[PDB]
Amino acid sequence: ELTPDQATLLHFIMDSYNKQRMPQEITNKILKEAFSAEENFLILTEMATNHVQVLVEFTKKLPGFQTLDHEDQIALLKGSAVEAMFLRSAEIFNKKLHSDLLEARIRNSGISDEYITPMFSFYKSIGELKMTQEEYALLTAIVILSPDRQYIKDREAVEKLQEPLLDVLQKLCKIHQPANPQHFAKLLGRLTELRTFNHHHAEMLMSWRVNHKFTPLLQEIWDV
């Protein structure tokens, strides 16, 4: 039982989310270039800073995000970008159609083996959920509008913007999957798992830093 308001809120988010387009001269670099660790780190940097450009140009389109504290709305992206990059990469790695090449480049880009194992454990775990593109898009928007983010002053104001998305996603889990009432519970469990990755991601950067060169935009979100 979805409403026409939710249906039009889902429609906006989806077409806001399907507008993501990996530029051709980056996506073809994955195969055409060599797999040296420095070259792997170079490509991964470009994809990261590009998806951040994608991410801001999908977040500002979120209904009501612009109507918030300038300092707090900035804080949302600071704490949601890593989790939204994990969620977008998890979708591409479990999509059925080059995923295998990028994985090899991530594994051979200078990351400590302490962070590889949880990363692909998460990717595998997300894959078993068999999420639709609607669930990936709503989950990304839910992840951004989080009330319990750090350095947040108006926590109650964010609640008003998140609750409807959770309301929409919860209906979809009950509508499209009645043969499994834990699908919604397992969906929300991934946001919990993303927090772990978000917080021990700066250590992954640290190892990458004590060795390289980040873009100013990437330095501007991850505090480098």
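Numbers for residues come from their place in the sequence shown, where the first is 1.
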query	finding
Absent coordinates between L97 and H98 - deposited residues affected, binned into four classes	1 to 3
Deposited residues omitted from coordinates between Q24 and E25, as a class	none
Stretch with the greater mean C-alpha B-factor as recorded in the entry, comparing 60 to 68 against 188 to 196	60 to 68
46 to 54 set against 156 to 164, stretch whose average Cα temperature factor tops the other in the entry	156 to 164
Chain third (lowest, middle, highest) by recorded CA B-factor, residue given as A75	highest
Where the record places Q150 (Cα B-factor, split into thirds across the chain)	highest
